[PDB]
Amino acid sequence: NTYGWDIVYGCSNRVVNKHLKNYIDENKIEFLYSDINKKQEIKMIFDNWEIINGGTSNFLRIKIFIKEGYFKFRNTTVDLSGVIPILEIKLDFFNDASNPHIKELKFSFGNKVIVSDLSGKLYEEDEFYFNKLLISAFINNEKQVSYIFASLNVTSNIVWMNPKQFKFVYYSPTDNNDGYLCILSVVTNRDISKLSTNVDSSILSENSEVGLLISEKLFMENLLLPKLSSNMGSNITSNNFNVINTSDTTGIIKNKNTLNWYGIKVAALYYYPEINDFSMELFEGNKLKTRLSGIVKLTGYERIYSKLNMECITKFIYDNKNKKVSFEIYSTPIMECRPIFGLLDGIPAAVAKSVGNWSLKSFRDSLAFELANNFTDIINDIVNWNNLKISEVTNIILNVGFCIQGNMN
């Protein structure tokens, strides 16, 4: 699903364009420049700006609607009322003067980083070498446009999501409509470059304005494990578990050491089985394949035990009404209970079979739980597009990556 990145955020241009429009409908947006004494000047008054496709890398490409204005070179007069230039511009992150741990995504015309694609439509004269030279005297008014495309929060209450390195990229598809987006690596200072910038269009959907894609690893470590590792009795606590790397984004859950199961009462006695090696890897996109093995000693016959082997597939489950993530039992392709005894003593062998079969059930049963995260909290945790929270989460998908989707209000 993802592309070698750790957490990817994304937003509809259809969304930001609109918050852009009434940031402009605030109306204090006139641009003046006069080159002296080169006899040049423009006064541009803006109707609307509109982000469009064609944006490559850091850059946005945007349609500029002028509805009042002028422009003079060498005693030549041209009123810019209605001309519609098309620019490409750079965005970069700007640290904040309030909370510096909140980095802020704004326009940036430093020093160079504005290109003119089309000059105007279509009320112009070909002789527009001067308009372009001059409207790149945009820069003088860089500070005037302080629009916040997204707030990005390092040092949030959710620590595993905190980004160390991260950068902006615009996704334009093959069909026309699009969403731009922001890519990160959390905590880890990995190679970073060269990583791709290609993004999964899956992140957004027809129903959803904002999307968030969590890598498989982060999901395993910070979403599944925390629940699982506390679903198995008081002598198991995730400190008992490792998550092992297979890629820098692909990961398997193995046990760090012996897992001490809680006590099961069979007939008159309590038994305390122990799983010795444990494995949970992600399988067929949305299912978990669990593969454990261990034993259970017979209390009172210490040196007579039952060897326990299970394979058990569980499945992701999403409840769109209460926004709950769930895993249920899909199959139990292996539940093998094989008592170890010799000759005559069939009588313990039989309780060994029975404690074995009870223990296996206990195991499986623990693989069927419901996570407790607040996913609304999660999507809103690091990136808030346009300095805004998301009201409703529209879908959650586990297809190798872990994807949360929603609408802002």
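Start at 1 with the first residue shown and count on from there.
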{"query": "Between neighbours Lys112 and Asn111, residues that the deposited sequence lists but the model omits", "finding": "4 to 9"}
{"query": "Stretch exceeding the other in mean C-alpha B-factor - 21-29, 397-405", "finding": "21-29"}
{"query": "190-198 versus 321-329 - which carries the larger mean C-alpha B factor in the record", "finding": "190-198"}
{"query": "Selection by C-alpha B-factor (highest) of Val355, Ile340, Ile347, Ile52", "finding": "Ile340"}
{"query": "Maximum C-alpha temperature factor, selected from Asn157, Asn255, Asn222, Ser151", "finding": "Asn157"}
{"query": "CA B-factor ranking of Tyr70, expressed as a third of its chain", "finding": "highest"}
{"query": "Where the record places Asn48 (Cα B-factor, split into thirds across the chain)", "finding": "highest"}
{"query": "Record-listed C-alpha B factor of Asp178: chain third", "finding": "highest"}
{"query": "Entry-reported Cα temperature factor of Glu311, expressed as the chain third it lands in", "finding": "middle"}
{"query": "Assigned third (lowest, middle, highest) for the C-alpha B factor of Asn384", "finding": "highest"}
